[PDB]
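S.K.: Experimental coordinates for this protein are included below, preceded by the sequence.
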Amino acid sequence: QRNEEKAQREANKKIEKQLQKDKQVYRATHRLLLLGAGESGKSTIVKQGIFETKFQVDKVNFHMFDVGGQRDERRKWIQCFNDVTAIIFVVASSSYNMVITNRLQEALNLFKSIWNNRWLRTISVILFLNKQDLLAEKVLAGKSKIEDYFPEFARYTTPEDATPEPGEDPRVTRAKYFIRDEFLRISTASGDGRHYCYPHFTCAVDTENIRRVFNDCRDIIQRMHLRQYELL
Amino acid sequence: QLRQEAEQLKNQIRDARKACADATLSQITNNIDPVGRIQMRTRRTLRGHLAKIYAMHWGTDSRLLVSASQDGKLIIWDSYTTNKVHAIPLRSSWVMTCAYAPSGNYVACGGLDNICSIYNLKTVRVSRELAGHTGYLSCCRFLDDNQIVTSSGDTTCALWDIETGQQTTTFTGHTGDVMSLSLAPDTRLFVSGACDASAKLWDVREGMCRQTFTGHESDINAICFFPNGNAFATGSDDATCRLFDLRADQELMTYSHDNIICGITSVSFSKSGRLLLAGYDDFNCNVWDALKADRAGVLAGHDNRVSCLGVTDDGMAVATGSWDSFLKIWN
Amino acid sequence: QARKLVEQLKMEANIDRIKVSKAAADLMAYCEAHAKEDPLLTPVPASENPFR
Amino acid sequence: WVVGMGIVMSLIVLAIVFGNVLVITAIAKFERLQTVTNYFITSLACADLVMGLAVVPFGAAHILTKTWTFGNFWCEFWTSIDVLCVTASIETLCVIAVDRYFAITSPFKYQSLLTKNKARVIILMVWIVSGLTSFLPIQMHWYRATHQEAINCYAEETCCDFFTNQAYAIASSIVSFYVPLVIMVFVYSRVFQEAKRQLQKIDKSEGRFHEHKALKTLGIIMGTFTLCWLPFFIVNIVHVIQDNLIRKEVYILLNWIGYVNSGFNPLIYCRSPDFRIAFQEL
Ligand SMILES: Nc1nc2c(ncn2[C@@H]2O[C@H](COP(=O)(O)OP(=O)(O)OP(=O)(O)O)[C@@H](O)[C@H]2O)c(=O)[nH]1
Ligand SMILES: CN[C@@H]1CCc2c(ccc(O)c2O)[C@H]1O
């Protein structure tokens, strides 16, 4: 009676003291969700049920989730990831001709479905446009033209404020920027400043992807704070 | 040929239950005096979870309960004195369900790792791990101290043997994700609500489906038997709740309002079965009248959407959880 | 898969079902009989309320 | 004009108390407003409430009746409370500015930097330093002036005026105003720089598909505070440095213009979706 009540309070205090230590670790970690189009080469990106990985850059802890145990066209489980910092979307940009409705259109439909969601209404997306060397190799050779698959490409011009590389043939730059604009117009169509999209061009020999993720997360948090304080 | 016969058989089932509809439930209960106005107040508030809460299960003694959260914890409370008894950290941070054994010696857990874990309270360490599902677990209930039934996202349910960790029987027939299940008072039948807007009645001993109900038009989120055991209620994401009768093989009443457009997350009955409590996405709960389909109360003390709900065995209190990492006891 | 679906329909179709009036009467009688036990319908005194 | 001036002074008292009490109850009654940033706001609200409840009514009575009736001890108590409330309200704006600076410039370490215990320690330290510069040098008669008019004022029982030395009028002015001003300026320049830098990047990447807000917000925040408190803290030094150049009425007018600032803080730091629904609920 009298002794039993004191015993319960003793165990509660020890547990509540442990929960304070766990709260410090929980609040200092950033969670990321990794998605793919099915054959986008996202395993190479992470190489260099649910699968979890941990990494640290500049004394900041990141923790990324990859889902491979569930494969369906109705993502009922996606409402759990409404508190993550950002979503990483990996798409193969060199699969316009491949049909096995081509794969770029399916990837665009998936991106459009994810963007306009009731739960992911305040979450930014980091977009990786993988397989650039394959795209350049396919574009440079003839008999394979995006016009035969994307009729809108017949009236596209490379933007004046573009950033071509040193040795690129100007043919490939137009295709790259067309593919990027396809995602960008969907991103900006329904955006009200609550979240943005950060597209990048990625290859197989790239090694600075973790720096890109770090900088994009920093920008995401800074923009969130600026919008919160009515400064943006 | 094969497809043609199915359409002919479907009409026979529909016509069979059309002649039995002599009168409606609401027509019979027109002379019953209304229950009136029901007002409830919060008695306790439980704090300590670091993230949103998805699951909750009362104890058989109506004193202790368990809850789950996305931070990776499984806390057992003392609702009377508001004292934490246990805090089990989970290997995987993605949890969707939890259960509390009738004897009180075990607790189950599951989620996005396609695995159900059983913990030994009175010994806390992992006792068994059940594998074989190819989709995320949605619910789990203890039949006994040595057997448990689970539902997953691979459109199947299973009955497990805890001692050997092997599936005794498997239930198939759904086409979408199975979202919830509930056991009968005598533990011989159970019902399941899936994403194809259908509910089914299974036989644990034999392993065959008995009846199918398809009155809804969206994904079914929650399900619960009537205390008698001859009826059950469902809740979908079209802001409607429906009552189905096992013996009549058809639905009897619908609970909806023109000012509600959000989805429904959980349902539960009261001790006598007169009241029906349902949680919604508009951050608050509602109380219905089972025999009349009219509102009688509102519980609006939660900041974020309510994800779970439960009523004690003796019917003394109602517990609700929401995404603001808080539990509340309403009396 | 077609054969299995048709077989289930035939098994489920041949069942005996009672009219809605009997089920409604049974539910109403159960609710009327077990009404006094329900603590949520009528508030209990604070002397016998463990939460107050 | 007594009835006209008495009516206006009564309205100012009601506005200060009504706004500050509403903010205090909204934060305490609701669990969604219990934030580290809101502790500074509630400290500021408490300071302004005490100021508008104690300093203003007795000063209004003294101005209207033209005499002091509460004796030679309550006059010194009133002066001490006046200085304590003025000093501790300006110094909280500095804390809010530094909090926003740390939140925006260093986003990754913000959670580790600020903790409820640290916020409580900072608030207690601010209040302690505010109390060390008002009650201690006044109740110990270290601020007393030496001229014949000053001693004649001090030796009476119905006259309660303000006379001070060079050292006190300079040190108190510096501590109350000048350091927080430069700190706030340095903070809010960097905040504006970061905001405009982030704006340039969004419109490089997605300009063709689709800094007024930051400028307006910073302009309001700095302008109200400066226009309220700068002339008084200028004449405070000036009238001590040069004698017989400022009348006894300009001092009171500028001091009351500064007092009025206490009724504007809820209109500046309490405009958000989480506050405008809490006010509607109440
Ligand atoms: N040239 C080139 N080849 C690539 C690139 N990425 C992947 N590949 C090739 O494509 C193959 C696919 O590798 P993975 O990354 O493991 O593909 P995956 O695991 O099936 O990817 P997902 O199914 O989408 O998860 C590799 O064996 C590579 O040879 C790339 O960026 N450039
Ligand atoms: C009587 N009015 C006083 C006079 C001097 C003074 C004030 C406020 C803050 C200070 O640091 C001061 O030195 C005024 O409120």
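M.R.: Noted; the coordinates are in hand. Numbers count the residues shown, from 1 in each chain, chains lettered A, B, ... in the order given. Ligands and ions are numbered 1, 2, ... in the order given.

S.K.: Scan the chain for its longest helix.
M.R.: Unless you meant another one, I'm taking chain A. Scanning chain A for the helix with the most residues, using DSSP state H, yields helix A:2-27.

S.K.: Wait, chain C was what I had in mind.
M.R.: helix C:20-33.

S.K.: Mind giving me the packing neighbours of the host helix or strand of residue D:14?
M.R.: Per DSSP states H and E, residue D:14 falls inside helix D:2-29. Using 3 or more CB pairs under 8 Å, 6 or more residues apart in numbering or on different chains; DSSP states H and E, the elements in contact with helix D:2-29 are helix D:36-65, helix D:266-269, helix D:273-281. Every residue, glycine included, has its C-beta placed from N, CA and C.

S.K.: picking up where we left off before, ok, the longest helix of chain A near chain C or not?
M.R.: No: using CB under 8 Å from any CB of the partner chain, helix A:2-27 stays clear of chain C, with a minimum separation of 15.3 Å.

S.K.: what's downstream of that helix, the next helix or strand?
M.R.: Immediately after helix A:2-27, counting by DSSP H and E, sits strand A:29-36.

S.K.: distance of residue D:103 from residue D:110?
M.R.: Computed as CB to CB, to the nearest Å, the residue D:103 to residue D:110 distance reads 5 Å.

S.K.: So if I had to pick from those two, which one is more boxed in?
M.R.: Ranked by neighbour count (other CB atoms under 10 Å in any protein chain shown), residue D:103 and residue D:110 place residue D:103 first, with 22 against 16.

S.K.: Double-check that that one belongs to a helix.
M.R.: Yes: using DSSP: H, G, I helix; E, B strand; the rest coil, the assignment for residue D:103 is a helix.

S.K.: follow-up on the earlier one: of all the helices and strands packed on helix D:2-29, which one is nearest chain B?
M.R.: Of all the helices and strands packed on helix D:2-29, helix D:273-281 sits nearest to chain B, with 10.6 Å by CB to the nearest CB.

S.K.: Would you pull up the residue in chain A closest to ligand 2?
M.R.: Across chain A, the shortest distance to ligand 2 (CB to the nearest ligand atom) belongs to residue A:229, at 28.9 Å.

S.K.: Chain D contacts on chain A?
M.R.: A:27-28, A:60, A:159, A:161, A:184-185, A:187-188, A:196, A:218-219, A:221-223, A:225-226, A:229-232.

S.K.: cool, and chain B?
M.R.: B:303, B:324.

S.K.: in chain B, which helix has the most residues?
M.R.: helix B:2-18.

S.K.: Only the buried residues of that helix, if you could.
M.R.: By neighbour count on 16 or more other CB atoms under 10 Å in any protein chain shown, the buried set for helix B:2-18 is B:9, B:13, B:16.

S.K.: got the buried residues for the following helix or strand past that helix?
M.R.: Following helix B:2-18 in sequence order, the next helix or strand is helix B:25-28 (DSSP H and E). Neighbour-count burial for helix B:25-28 flags B:25, B:28 (criterion: 16+ other CB under 10 Å).

S.K.: which residues make contact with helix B:25-28 from outside it?
M.R.: B:243, B:252-253, B:291-293, C:20-21, C:24-25, C:27-28 (CB atoms under 8 Å, 6 or more residues apart in numbering or on different chains).

S.K.: Please convert the buried members of those residues into PyMOL selection syntax.
M.R.: Buried subset of these, written as a PyMOL selection, criterion 16+ other CB under 10 Å:
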select buried, (chain B and resi 243+252+253+291+292+293) or (chain C and resi 20+21+24+27+28)
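
S.K.: And what about whatever residue of chain C ends up closest to ligand 2, helix, strand or coil?
M.R.: With CB to the nearest ligand atom, the shortest gap between chain C and ligand 2 falls at residue C:52, namely 52.0 Å. Residue C:52 falls in the coil class when you classify it by three-state DSSP.
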